[PDB]
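A.B. asks: Once you've had a glance at the structure underneath, I'll fire off some questions.
Dropping the structure here:
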């Protein structure tokens, strides 16, 4: 807003120096006061006073009633004028989203501001001069793109790498890195209901529903559904998840010394997503378990020189209770080495297992 | 190969536990008498001989040391060590000695006034600005000029010059005792702090001079819990922080076993938001004792005298609420359970999908079917039966086998049968009824070889012997085989732990070193 009998002032402080610009506009009765009381004239006069104060001319740009300060080190824009007439950024922090300028000059095509009331998580916004609108974006110096991701087998019979999206909103405090970014290892992949699953060291990460390459929260204002899911589970021994399987209606995640089930009866959101261990039994989770008939058959090592198979019996009364009993008890010394592969022919009710003991044989 | 670890004088003073680190593993080995930790390869080869730590010294060994591995981190806990809390008000200023006055709007025909009252004295500054027609009125009506004139009037009133600082239109008052900044001007023109209390977060100055790098203010509408904010001059922003004189860091916490084979202490975070009224101390801070550790889904569990405390999801060292405005999920969890007898929780176990917490005279289960938040976190007892919870129970087959004392001179084992119909119903029945006088003393250790369906128990009765359990679960959850034979070793056993294929026995060597026996 523009007033008549007001002294306009602005202070700019940074590592380079502190500059103060003061402009005085007279009452409406003064000659040439109505033209000089406009916001554009006041902004131009303030910029001229800032330049005369000693600040370099290559540090301030303006288009209309909006002034942009760039090229400093720790710039903190303030003003002694009232809050009902002018708005400033301080340390790129505004009260609410309505305070964003959305009309900055062309010199500001990447300006970043934080919207909050000093009691909210860091919510960052970026300015796009092309559309004169502010879009949510991750903070400065954040992960934007991750390569070396699993490759893609598209409709055309070609395997090509596909880059995965980085952080898209907030910072590492409210939008934390998923399991496979904080830990450099990825151990197993799966495809649950609409989301890609990337197990990484006892941490389960599920991408967005519609977007399989988005493993970061797309917004920070509200914890949206159909968004990133990042959950973890503790164990008596520091084992990691290696194989995940999609059973009747639940996602069963297997590990070297721990087995867990993820309920899938209802649609899972980041608010209600949780993982709980079922049994911490020794397992050869390196090989993908296969559903045989009505049960899951996964490998195990009963000795350093022999292997075995365990059956993951589902309860016939409760929806998501599972009990595991050994199926190859009567064959202790029958599978030399370790199990290398599992396959099931669902039409003939037969299963084939390839083990490292005899290369020319198959169970 | 015989380890380079010296023999422990006490019969029960050695603690061993296998840790899997990728495709390779390690054999943690701790001598409780001297605290001399030791790390071995997968088969009898020391990697880094961890130096002795006074934290690992305990009067009773092999049973006061508990371990819990979460993510790639492993924490070693000693239950005979009391954590100590530190209160370090380093970057926080005293709220009772600070105040501020900010000017929001400037008027012309207004009398500007401010009053500052404290134990030292009461000071009032009055500045008058004339109408716009007056000579030199537009320059003098600016907020900066008004603030400077008010500061000059305050100094002339008698208040020392070393108590007020200002940068722009913001005034800061420091160095008093019970400073209460007020103003007779309207609320639409100026803002004051009173007793460091503002209406909402928007009223915070965020532009105080450099002299205020730790100013504390409370945001509330006189009907909300104490929410404190701290000012950082470097970023000119206000960040949530705990109140003055609050626990900031707690030492003597369980040590850390990082990816590198070294055991080092790790300090735990203190209070980060609010005060002790809305952000209460967890179980292990209000009570100086810590009894048992566990790692539930994403959170570290620190049982402390019938109180279960779970850290934040992403941060295992944060046992305090990070914010007070809203009860955020994936945050601190602090719950408790009452009992007929004042027993404490000692051992927690992660069963199929639920966390079972055991105690000397009480057993409880924490549901884990759905993700647990501080809003919906609760613990309910299942059965208040006598238990030797000092030893960690182990899952055998489809059930949990935990120790108990049927007599002052003999022990026993109880089976924690899970219901086959309901998700989280458990019934416990004694499993060693047919062997009353068969386990002299008390059970010292439990281990299970999940690949061979065998379990080994070490008891204090015969030091050279070891109890063996063989199990085989058939259809319809019917125990097809139950065996309770006994084994005898030439040397007294100190500790034992199982691996993917073999179980390692650590016996008392005839010389001055313990031997690692595998089978």
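Protein chains in written order, with the entry's author numbering: chain E, 157 to 519; chain E', 53 to 571. A prime marks a further copy of an entry chain.
Don't be surprised by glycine CBs; every beta carbon is placed ideally from N, CA and C.
Since residue 386/E contacts residue 396/E with CB under 8 Å, what's their CB separation in whole angstroms?
C.D. replies: Actually they are not in contact, since the Cβ atoms of residue 386/E and residue 396/E sit about 16 Å apart, beyond 8 Å.
A.B. asks: Could you name the residues of the segment 433-460 of chain E whose beta carbon sits closer than 7 Å to any beta carbon of chain E', in the order they occur along the chain?
C.D. replies: Residues of the segment 433-460 of chain E whose Cβ lies closer than 7 Å to any Cβ of chain E', in chain order: 433, 434, 435, 436, 437, 438, 456, 457, 458, 459, 460.
A.B. asks: Please tell me whether residue 191/E' has its Cβ less than 8 Å away from any Cβ of chain E.
C.D. replies: So, interface residue.
A.B. asks: Residue 235/E' and residue 134/E': beta carbons closer than 8 Å?
C.D. replies: no
A.B. asks: Over the uninterrupted alpha helix (DSSP H) stretch that includes residue 367/E', give me the two end residues.
C.D. replies: Careful: residue 367/E' lies outside any alpha helix (DSSP H) and carries neither H nor E.
A.B. asks: What residues of chain E sit near residue 348/E', judged by a beta carbon separation below 7 Å?
C.D. replies: 390
A.B. asks: Can you find a CB in chain A that lies within less than 8 Å of the CB of residue 71/E'?
C.D. replies: As a matter of chain content, chain A is missing from the structure shown, whose protein chains are E and E'.
A.B. asks: Considering Cα atoms alone, identify which of 499/E, 376/E, 405/E, 403/E is closest to residue 293/E.
C.D. replies: 376/E
A.B. asks: Determine, for residue 253/E', whether the minimum Cβ-Cβ distance to residues of chain E falls below 8 Å.
C.D. replies: At least one chain E Cβ lies under 8 Å of residue 253/E'.
A.B. asks: So, using beta-carbon positions, are residue 115/E' and residue 442/E' closer together than 8 Å?
C.D. replies: yes
A.B. asks: Identify which residue in 180/E, 239/E, 360/E has its Cα closest to the Cα of residue 336/E.
C.D. replies: 360/E
A.B. asks: State the Cα-Cα distance for the pair residue 263/E' and residue 144/E', rounded to the nearest angstrom.
C.D. replies: 12 Å
A.B. asks: For the beta strand (DSSP E) containing residue 291/E', list its first residue and its last residue.
C.D. replies: Segment 289-292, the beta strand (DSSP E) holding residue 291/E'.
A.B. asks: At 9 Å on the CB atoms, spell out the chain E contacts of residue 186/E', in chain order.
C.D. replies: Listed by position along chain E, the residues whose Cβ is nearer than 9 Å to that of residue 186/E' form an empty set, because the closest Cβ is around 11 Å away.
A.B. asks: Is the Cβ-Cβ distance between residue 97/E' and residue 80/E' less than 8 Å?
C.D. replies: no
A.B. asks: Answer with yes or no whether the minimum CB distance from residue 398/E to chain E' is below 8 Å.
C.D. replies: no
A.B. asks: Residues of chain E with a CB under 7 Å from the CB of residue 288/E': which are they?
C.D. replies: 232, 246, 247
A.B. asks: Return the CA-CA distance between residue 59/E' and residue 567/E', expressed in angstroms with no decimal places.
C.D. replies: 9 Å
A.B. asks: Going by the beta-carbon positions, is the gap between residue 440/E and residue 515/E smaller than 8 Å?
C.D. replies: no
A.B. asks: What are the complete alpha helix (DSSP H) segments, minimum 4 residues, inside the segment 470-494 of chain E?
C.D. replies: none
A.B. asks: Are the segment 318-336 of chain E' and the segment 175-192 of chain E' touching, with three or more C-beta to C-beta distances below 8 Å?
C.D. replies: Touching, no.
A.B. asks: Using only CA atoms, which one of 389/E, 513/E, 398/E, 511/E lies nearest to residue 410/E?
C.D. replies: 398/E
A.B. asks: Would you mind sorting residue 273/E' into buried or exposed? The rule is 16 or more other CB atoms within 10 Å of its CB.
C.D. replies: exposed
A.B. asks: Skipping 5 residues on each side, what residues in its chain have a beta carbon closer than 7 Å to that of residue 405/E'?
C.D. replies: 420, 421
A.B. asks: Residue 553/E' versus chain E: which residues are under 7 Å apart at the beta carbon?
C.D. replies: 457, 459, 460
A.B. asks: Against chain E', does residue 417/E count as a neighbour if the rule is that its beta carbon must be under 8 Å from one of theirs?
C.D. replies: yes
A.B. asks: What separation, rounded to the nearest whole angstrom, lies between the Cα atoms of residue 436/E' and residue 149/E'?
C.D. replies: Rounded to the nearest angstrom, the two C-alpha atoms are 53 Å apart.
A.B. asks: Determine contact between the segment 280-292 of chain E and the segment 303-311 of chain E, defined as no fewer than three beta-carbon pairs at a distance below 8 Å.
C.D. replies: no
A.B. asks: Taking its Cβ as the centre, do 16 or more other Cβ atoms sit within 10 Å of residue 383/E, making it buried, or is it exposed?
C.D. replies: By the 10 Å Cβ count, residue 383/E comes out buried.
A.B. asks: Compare the C-beta of residue 428/E against all C-beta atoms of chain E' and say whether one is closer than 8 Å.
C.D. replies: yes
A.B. asks: Beta-carbon of residue 181/E' versus every beta-carbon of chain E: anything under 8 Å?
C.D. replies: no
A.B. asks: Cβ closer than 7 Å: which chain E' residues qualify as neighbours of residue 158/E?
C.D. replies: By Cβ distance, chain E' contributes nothing, its closest Cβ being about 14 Å from residue 158/E, past 7 Å.
A.B. asks: On the three-state DSSP scale, how would you describe residue 252/E?
C.D. replies: coil
A.B. asks: Name the chain E residues that come within less than 7 Å of residue 402/E', Cβ to Cβ?
C.D. replies: 390, 391, 392, 433, 436
A.B. asks: Please name the residue, chosen from 505/E', 565/E', 546/E', 64/E', that lies closest to residue 556/E' on a Cα-to-Cα basis.
C.D. replies: 546/E'
A.B. asks: Tell me which residues of the segment 321-333 of chain E have at least one Cβ-Cβ distance to chain E' shorter than 7 Å, keeping chain order.
C.D. replies: 332
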